[PDB]
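Going line by line, the protein sequences match chains A and B. Here the first sequence stands for residues 1501 to 1549, numbered as in full-length UniProt numbering. Here the second sequence stands for residues 1647 to 1694, numbered as in full-length UniProt numbering. Written out below as structure tokens is the structure these notes cover.
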Amino acid sequence: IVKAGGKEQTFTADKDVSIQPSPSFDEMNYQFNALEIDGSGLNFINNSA
Amino acid sequence: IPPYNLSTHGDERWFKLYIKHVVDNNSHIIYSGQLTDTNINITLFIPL
């Protein structure tokens, strides 16, 4: 879930992760493809967003 | 590494990982350990 000032975006593993990790309870690592976020929309307060 | 099953692995919990076709065609040990009841999560650096 991405909160970017006035923008809101979500990404989901079943569209964004090309390789499904194995099921062990020990550790499931989901590696996402680059997620494009709308930086425009950010509030640069004191020049910082 | 999948969890240990005597019927598929043998009476020993022994196992090792080896590397080949980097530098030479010899089999070199890169990891050793025991086979556990749960899966074993091992991270290695493989040189090229």
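C-beta atoms are modelled at their ideal positions from N, C-alpha and C, and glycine is treated no differently.
Cα-Cα separation, residue 1673 (chain B) to residue 1519 (chain A): 30 Å
Contact set for residue 1659 (chain B): own chain, Cβ-Cβ below 6 Å, skip 5 residues either direction: 1650, 1680 and 1681
Residues within the stretch 1519-1531 of chain A neighbouring chain B, beta-carbon criterion of under 7 Å: 1524, 1526 and 1527
Residues that residue 1684 (chain B) contacts on chain A, provided the C-beta gap is smaller than 7 Å: 1526
Listed by chain order, chain A residues near residue 1687 (chain B) by CB distance under 7 Å: Residues of chain A passing the Cβ test: 1526 and 1527.
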